[PDB]
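J.: experimental coordinates follow, after the sequence.
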Amino acid sequence: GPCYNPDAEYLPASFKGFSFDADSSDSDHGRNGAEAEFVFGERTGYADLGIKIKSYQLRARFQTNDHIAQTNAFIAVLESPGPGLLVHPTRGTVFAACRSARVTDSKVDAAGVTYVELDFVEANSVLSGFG
Amino acid sequence: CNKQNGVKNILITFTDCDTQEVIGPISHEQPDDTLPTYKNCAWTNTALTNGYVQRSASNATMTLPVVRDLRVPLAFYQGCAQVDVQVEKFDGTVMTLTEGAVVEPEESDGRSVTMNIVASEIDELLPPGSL
Amino acid sequence: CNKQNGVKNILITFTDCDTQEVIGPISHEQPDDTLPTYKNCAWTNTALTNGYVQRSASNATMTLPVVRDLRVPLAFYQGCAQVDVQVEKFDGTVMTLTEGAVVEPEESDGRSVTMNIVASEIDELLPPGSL
Amino acid sequence: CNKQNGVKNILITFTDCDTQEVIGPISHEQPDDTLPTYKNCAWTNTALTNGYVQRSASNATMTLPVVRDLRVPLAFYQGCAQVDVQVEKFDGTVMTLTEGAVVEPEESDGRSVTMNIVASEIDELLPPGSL
Amino acid sequence: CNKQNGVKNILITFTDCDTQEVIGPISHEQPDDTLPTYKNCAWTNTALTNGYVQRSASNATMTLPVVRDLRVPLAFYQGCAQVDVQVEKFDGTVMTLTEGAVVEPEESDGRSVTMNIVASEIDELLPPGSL
Amino acid sequence: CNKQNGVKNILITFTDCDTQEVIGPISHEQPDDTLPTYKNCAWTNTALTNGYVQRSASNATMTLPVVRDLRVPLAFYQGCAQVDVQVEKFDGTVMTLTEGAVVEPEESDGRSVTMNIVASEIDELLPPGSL
């Protein structure tokens, strides 16, 4: 649209309480099943087996005079034990667990900015025992 | 007085985005002798082979060299406001365009602006008598 | 005379896309001294090695700078209508082209258009006597 | 008068990086008739399809051709110092910009510099009376 | 006699590489009216977002159009020798540079050379009275 | 005189490839006022960071605009024969080059050729007295 205010339409991202500014937002929905291919046959089958586990991928940026301290704090938060609450900019609140966080940080090529490529997975609670 | 190629009237109607206030339609004037340019088709052909054509999808576009009004902020001419434009030439043709979007802003010294506007469709009035 | 390089007649026949209404053949006139340019050979060569050639396929191309008629919408000259073109030069040559397709539109101020038309083949008339 | 497109005043305030000594605001003068050029809108559009727009993020940009002061080191005009710029045109407009950053230096003979300054936002003053 | 933009003195000191012999400081002269160009900052900013800057690392550079001396081999001006340059303008500013390196040689007819010199830092003398 | 920038003598010696017949050294003359241009340094620098340089390897290059001799085939000036070139300017410098190789041929109307010759090293003569 012509009068689309982005930051009034995208939610400010944050994981486990710590807030940050995100640069991308993805998702990996799906529906998994089997696929039957009976021999010598002009026919095919399909069987729905359940829900494909959701996964989110983000890219956070840090462009500030103290981006090193912010990135260190964000690393310390991401390595906290157990899954926590994530605010996906376009999917709202979910419960995810961090799975990888690459921290690109160059000096003689681009000093000042630090990028973090984050990879979260829908982590739903369980009930210990045999549920 | 027909047989004069030139633009006679330019009305531009601004709509701020954060307050939805309408301004205009203010008249306007050209900075030099260059006339605005148009393109009304929606799909753009492309040569394929011996005689055939591959059809792509595109916009109705307009290029408007105009003189900035001093009562209107410069940013209104640079994508921070929705525009509705109406250009009437000396031969009688009238090109109207509504819900514009200044699509590629550029540096301006503060007086002359060149607005690249994209819209769904541009309407043509075609001086009396037509086929 | 028959010793003057120049264009004498330009006939253009428009076919509306969504109504198949035929319009023309309207005459037309040049905006300046630049002439329409042609290319008839469908296969285009490309050098390979010591003396040989690699042959590609292409279209019969025409470039037509013309002055827009005030009775025909501008979009008809920018790929939103089928065209049939016929150009007759002063020395007797006549180039006809049917079922064209304006392939690359571009912004026009409202008077002068430059149509880039591709067709399967262009026919040439070659003043009486020819080898 | 108030009918003359031209620059009247240019104030530049330099802030040393490694001593935070404030210098200025020194006046300045143009090397030739080219004026400083501006761009205020932070979000920049881009055409998408039939009528819609894809919105990107950017900076408030300024281009300032100026004559180097013989009292200030040349490196202050080439990205080795923070700048605060303020330009007042003849018709009453005043553009102020603070916490700039000379973003793209280039070789200068020692008199004429062309500073490309990026800031968060540029303020515009708009001679009395405005919509 | 101040208020003259122009170069008054050019001293270049050559140092052969294979024998470590120092030659100069020889004076020199310009081939035309184009003046040498400078850049003293070390890090070059680059626009990032709304107001912020990404800082990269670079050189102190100098561009020197000079007339080749006939007593010095041409290759000394084309990267086969270390150079120490000193340019004094008419307003009193003195730019000195030591341990140069001719960084991009180019074809020269044998009289006029254009040396692109890179160094750690270039020193500025700033005519008496300064801030 | 010895105060005139210009070329005085151009000697070219052709060596047939498939017969090793030596032809020359024929004198030659310039087609216009553009002079042959040179580059002797084999290693070419490239800027790296704060003050340092990355050194690459290259050839001793020469650009020679000349008028074809009507007694020598045109192909001898376009890479089908080995060349030995010797150019003497008016101020006394003499550049000799042997075992050249015309490296980049280009279409020539039959009179004026521009030979781009690469060799291992170019020798320079430097009028009497030199440092």
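T.: Cool, the structure landed. Residues are numbered from 1 along each chain as shown, chains lettered A, B, ... in the order given.
J.: the most far-flung residue of chain B relative to its centre: which element?
T.: In chain B, counting by C-alpha atoms, centre = their mean, residue B:50 sits farthest out from the average C-alpha position, at 35.9 Å. Here residue B:50, judged by DSSP states H and E, is contained in no helix and no strand.
J.: now it: closest residue in space, sequence neighbours ignored.
T.: Nearest non-adjacent residue to residue B:50, counting by C-beta to C-beta, 6 or more residues apart in numbering or on different chains: residue C:120, 4.8 Å away. Every residue, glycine included, has its C-beta placed from N, CA and C.
J.: what about the one you found, distance to residue C:93?
T.: 20 Å (C-beta to C-beta, to the nearest Å).
J.: residue in chain A nearest to chain C?
T.: residue A:2 (19.9 Å; C-beta to the nearest C-beta).
J.: now for that residue, how many residues are close by?
T.: Residue A:2: 22 surrounding residues under other C-beta atoms under 10 Å in any protein chain shown.
J.: wouldn't it be in contact with residue D:53 here?
T.: Yes: under the criterion of C-beta atoms under 8 Å, residue A:2 makes contact with residue D:53 at 6.1 Å.
J.: quickly list what's touching both of these two.
T.: Residues touching both residue A:2 and residue D:53 (C-beta atoms under 8 Å, 6 or more residues apart in numbering or on different chains): B:101, D:45.
J.: residue contacts, the residue lying closest to residue A:37 once chain neighbours are set aside?
T.: Excluding the flanking residues, the one nearest residue A:37 by C-beta to C-beta, 6+ apart is residue A:44, at 6.1 Å. Shown in contact with residue A:44 (C-beta under 8 Å, 6+ apart): A:35-38.
J.: wait, doesn't residue A:16 sit right on residue A:85?
T.: Yes: counting by C-beta under 8 Å, residue A:16 does reach residue A:85; the two are 6.3 Å apart.
J.: the two: who's more crowded?
T.: Regarding residue A:16 and residue A:85, a neighbour count based on other C-beta under 10 Å identifies residue A:16 as having more, with 17 against 12.
J.: so what's the more buried one up against?
T.: By C-beta under 8 Å, 6+ apart, the residues touching residue A:16 are A:77-78, A:80, A:84-86.
J.: tell me the one among the residues you listed nearest to residue F:83.
T.: Taking C-beta to C-beta as the measure, residue F:83 sits nearest to residue A:78 out of the contacts of residue A:16, at 67.3 Å.
J.: list the contacts for the closest one?
T.: Taking C-beta under 8 Å, 6+ apart, we find residue A:78 in contact with A:15-16, A:98, A:101, A:118.
J.: tell me which of those fall in strands.
T.: Assignment to strands by DSSP state E places the following of the contacts of residue A:78 there: A:15, A:98, A:101, A:118.
J.: buried subset of the residues you listed?
T.: If you count burial by 16 or more other C-beta atoms under 10 Å in any protein chain shown, the buried members of the ones in strands among the contacts of residue A:78 come out as A:15, A:98, A:101, A:118.
J.: now the second one: how far from residue B:75?
T.: Translated: residue A:98. For residue A:98, the distance to residue B:75 - C-beta to C-beta - is 40 Å.
J.: related to what we said a few turns ago, who wins for neighbours among the contacts of residue A:44?
T.: In terms of neighbour count, residue A:36 stands highest of the contacts of residue A:44 at 11 neighbours, by other C-beta under 10 Å.
J.: so what pairs up with that one in the strands?
T.: Beta-bridge partners recorded for residue A:36 (DSSP bridges): residue A:45.
J.: what sits against residue B:73?
T.: By C-beta under 8 Å, 6+ apart, the contact list for residue B:73 reads B:80, D:40, D:124, D:126, D:130.
J.: closest to residue A:30 out of the residues you listed?
T.: Of the contacts of residue B:73, the one sitting nearest to residue A:30 (C-beta to C-beta) turns out to be residue B:80, at 40.1 Å.
J.: what is the burial count for the closest residue to the closest one other than its chain neighbours?
T.: Excluding the flanking residues, the one nearest residue B:80 by C-beta to C-beta, 6+ apart is residue D:41, at 4.1 Å. Other residues near residue D:41 number 22, with proximity taken as other C-beta under 10 Å.
J.: what sits against residue 64?
T.: If you meant another chain, say so; for now it's chain A. Residue A:64 sits next to A:70, E:52 when contact means C-beta under 8 Å, 6+ apart.
J.: sorry, I should have been clearer: chain B.
T.: Counted by C-beta under 8 Å, 6+ apart, residue B:64 has contacts B:10, B:36, B:85, B:87, B:114-117.
J.: who wins on neighbours among those?
T.: Going by other C-beta under 10 Å, residue B:117 tops these with 26 neighbours.
J.: ok, that one touching residue B:61?
T.: Yes: checked against C-beta under 8 Å, the pair residue B:117 and residue B:61 is within contact range at 7.1 Å.
J.: circling back: residues touching the residue nearest to residue B:50, list them.
T.: Residues B:50-52, C:42, C:59-60, C:99 are the ones in contact with residue C:120 under the rule C-beta under 8 Å, 6+ apart.
J.: widest-spaced pair of these?
T.: Farthest apart among these by C-beta to C-beta are C:42 and C:99. That separation is 14.9 Å.
J.: of those two, who's got more company?
T.: Neighbour count, other C-beta under 10 Å: between residue C:42 and residue C:99, residue C:42 has more, with 17 against 14.
J.: my read: that one touches residue C:122, true?
T.: No: checked against C-beta under 8 Å, the pair residue C:42 and residue C:122 is beyond contact range at 9.9 Å.
J.: okay, and the common contacts of the two?
T.: Residues touching both residue C:42 and residue C:122 (C-beta under 8 Å, 6+ apart): residue C:60.
J.: the strands in chain B, which residues?
T.: Going by DSSP E, chain B shows strands at B:7-16, B:22-27, B:37-39, B:43-44, B:56-57, B:60-67, B:81-89, B:94-97, B:112-119, B:123-124.
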